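Just the one chain here, the form deposited in one PDB entry, laid out as structure tokens.
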């Protein structure tokens, strides 16, 4: 496959140097490229097991088999003497700038995936543009560069989770001997929001600076792909123009859904609004039951809010349902109210948001339970967390020839390629992929490296660990218990499980037999670990290291031979014994 590899690399790379580490002629070219501040990929052939065969294949493109060999956009440009000739004649800059298109890469969307792809491509000398535009929410919320995670997702969510966790740190402090008067302590929502937004601000600015420093062109503009190589852009001044690019990356992400009921769009809010909400939500209804719903309900409650979650059917559809029940039971036991098997029919306004005193309005929510009981209750704030959807066009998109699925997501190969061959999709819009920030980031970086640096490594989307940052956190890697049973049959599945109590919870007088972990294992495959699950503090820190071991194909015996660190919650994974089949209590 070394012939096809070289062909793909030469044809895709913007600026690439085939080299050897002990070659003084290769060094002379590197010195020239650095002095002229020409960024490029470098492949050192003496570092590759097939490097000699690569040298032979290079003659298909250059007629030579020596190093160095410099290419620009599919075209052999010269050996060392030739490159030096361009340098001394001041032709080199013109040569490396020469292109059929305005850009080697246009990235549409400047979130986790887009920024990662864009910055990484610039590193190998690709002329790169990143387009980002934030369509306002129905109530007008907008924000800066960085995408969902930075502005309206992981970052503000985890920070509000921390604010929530600190509530309980205050309770725990007393049992640890701290003398404070908790009846006189209160939380100020807007102060927290100011601190959160101040940090987000530094991230917005940070990414802009990063794009500058990597010589990526940033356009605060809405992009539309109108042909394989043509992107139509609309600026703030509403000016329309067209830019051309060799490769296009679609990284446009998703936006929250609203249910199709009266008053939803007019009076409700979503996560998009919540994280910069200038008033405190007050008595809140969250509609929905997956991780956005539960994470938001959870930090709101810990801040002292009166919180209700309206659950159509189950919690965290798609997650292990025993773990999901445990996540919910903990939240229920700690003040979060659940309206079970209940759907909303309408929102009616009773009071407008006080914009001067930064206070919430008041809403009437009518709904109904499965049994026929009507739901009718007042809330200061209604939050919809009922899924997220991509914002591209079944028709328009197909007219440029990019195929979307039923749900409006882009159908891609295992190297992120769409049905238009120079066009790729990464992050949340890529059909079938886990919708997480580091996945989008890994995909973008790996994709940029393949396109412009001749890398071969595909993103591995299997066994990607997650954490739901509910009040008690839930970390998982691999399969749910039910999905593993479905795949391999009950008789081939062994589950090791245990309750545990963090040492910190002992003096603090918190629950026995609530924190919980399990390993789902396949008997036939040497007790291969198929799924890991932990409900407990710092679950994400706990889970992460185990995701490496699982990707390497960890078995139970691997876990068993490993010695614990004491005292930690994580060490419980190293001494698990009780199986579910034995019926013995995990307590």
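Rigid core: the largest C-alpha set superposing within 1.5 Å between the two forms. Residue numbers count along the first chain shown, from 1.
One more form of this protein exists, namely the form deposited in another entry; it is left out here, but the text below deals with it.
Engineer: Among 317, 175, 487, 394, which is the residue that shifts its C-alpha 2 Å or more between this form and the one not shown, core superposed?
Structural biologist: With the rigid core fitted, the residue that moves is 394.
Engineer: Taking the rigid core as the reference frame, tell me whether residue 91 has a CA displacement of 2 angstroms or more between this form and the one not shown.
Structural biologist: Result for residue 91: yes, a 2 Å-plus shift.
Engineer: Specify closer or farther for residue 265 and residue 394: how their Cα atoms are spaced in that other deposited form versus the shown form, given a shift of 3 angstroms or more.
Structural biologist: Closer together, by at least 3 Å.
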